[PDB]
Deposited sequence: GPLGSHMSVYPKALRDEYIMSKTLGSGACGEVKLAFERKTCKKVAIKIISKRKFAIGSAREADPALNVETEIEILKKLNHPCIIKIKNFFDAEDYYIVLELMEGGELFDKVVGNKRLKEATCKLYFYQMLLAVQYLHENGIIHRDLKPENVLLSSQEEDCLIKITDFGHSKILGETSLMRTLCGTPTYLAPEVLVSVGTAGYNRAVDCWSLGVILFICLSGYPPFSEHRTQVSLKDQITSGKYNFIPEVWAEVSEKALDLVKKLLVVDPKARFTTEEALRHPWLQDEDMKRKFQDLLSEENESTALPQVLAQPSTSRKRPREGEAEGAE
């Protein structure tokens, strides 16, 4: 078969699956999660070590051996995917609590010059087996760091190709891809079904996305509020320059909910209670 590197084994006791395995830190006897990647990962480590937000996964340790071993904080609730798979749907209030945190996490990323590029329910982890819990964004493998165009625009464009001058119009809107993904994640969570699919349709998946013509099933959406649907509509905008940003989404009436914001602050206080050092009064 295979063995774990001596350096990992020195600090951790490996266990069962959820490539992700459960492990125990020898020093603390505390549960951790170990992500095994087959031998970009160094950039992901550099990105993760620099970011500090409660809704972004923290790297605890790293091992560069026959494979890459990434030690992360364990998330007992698992993937958001498991909560939405096979037409399963979350109650509106739960969608809000989770989405609000996805918005704060993605806003933090953009503020810090990072675009995730791979936001999906599979990359959103829940902190507990309870409905009201803290969420954390994971899988920064496809992430990009925010140029060649700015340097080119400093000189006289005597020899500069027209497509380069044309691209100046859209430049610096790559982050809007994360807002599209969040739009799709919100649609799935609220309805239990994807907005764009090849199930019972003649239109190609490419054509549904470029046209922005999402599959709307009234019977399913009648159960969901008009405010939630309005936010979805504003994130699922084809023009990335017109699409809602994380700030615009956070200002939307749907998230102007003092109850949901309180429940989140409560989950924060409960998580932070373990780490809390006494303070100067």
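In sequence order, which parts of the deposited sequence are missing C-alpha coordinates? Sequence ranges with no C-alpha atoms are 1-6, 25-30, 52-66, 174-175, 311-329.
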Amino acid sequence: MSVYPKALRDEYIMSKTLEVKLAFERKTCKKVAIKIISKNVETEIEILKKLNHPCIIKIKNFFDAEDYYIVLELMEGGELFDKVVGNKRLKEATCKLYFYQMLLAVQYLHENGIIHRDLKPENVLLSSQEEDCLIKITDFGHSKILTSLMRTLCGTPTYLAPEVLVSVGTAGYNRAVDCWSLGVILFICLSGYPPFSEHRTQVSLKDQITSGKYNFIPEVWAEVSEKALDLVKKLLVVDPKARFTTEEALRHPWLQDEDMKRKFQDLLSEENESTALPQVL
From here on, numbers count along this sequence of modelled residues.
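C-alpha atoms forming the largest set that superposes within 1.5 Å between two forms make up the rigid core.
Fitting on the rigid core only, I'd like to know which of the two stretches, 239-247 or 40-48, ends up farther away in Cα terms in 9 other deposited structures of this protein.
After superposing on the rigid core, the more displaced stretch in 9 other deposited structures of this protein is 40-48.
Worksheet item: Higher mean Cα B-factor in the deposited model: 272-280 or 1-9?
Response: Comparing averages over the C-alpha atoms only gives 272-280.
On average, are the C-alpha B-factors higher in 91-99 or in 172-180?
Result of the comparison: 91-99.
ask   = Between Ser143, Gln202, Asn112, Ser211, which carries the biggest CA temperature factor in the record?
value = Answer, based on the entry's C-alpha B-factors: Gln202.
Check your understanding: Of the options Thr147, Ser167, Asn123, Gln107, which has the highest CA B factor as deposited?
Key -> Result of the comparison over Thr147, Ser167, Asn123, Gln107: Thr147.
Fill in: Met75 - Cα temperature factor, lowest/middle/highest third of chain
Tercile = middle for this residue's CA B-factor.
Query raised in the report: Of the three thirds of its chain by CA temperature factor, lowest, middle or highest, which one includes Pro218?
Result: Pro218: CA B-factor falls in the highest third of its chain.
query: Lowest, middle or highest third: where is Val224 by Cα B-factor in its chain?
result: As the PDB entry reports it, the C-alpha B-factor of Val224 lands in the highest third of its chain.
Problem - B-factor third for the C-alpha atom of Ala33 within its chain - result: Within its chain, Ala33 is a middle-third residue by C-alpha B-factor, going by the deposited values.
Can you tell me whether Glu247 has a C-alpha B-factor in the lowest, middle or highest third compared with the other modelled residues of the same chain? Bottom third by C-alpha B-factor.
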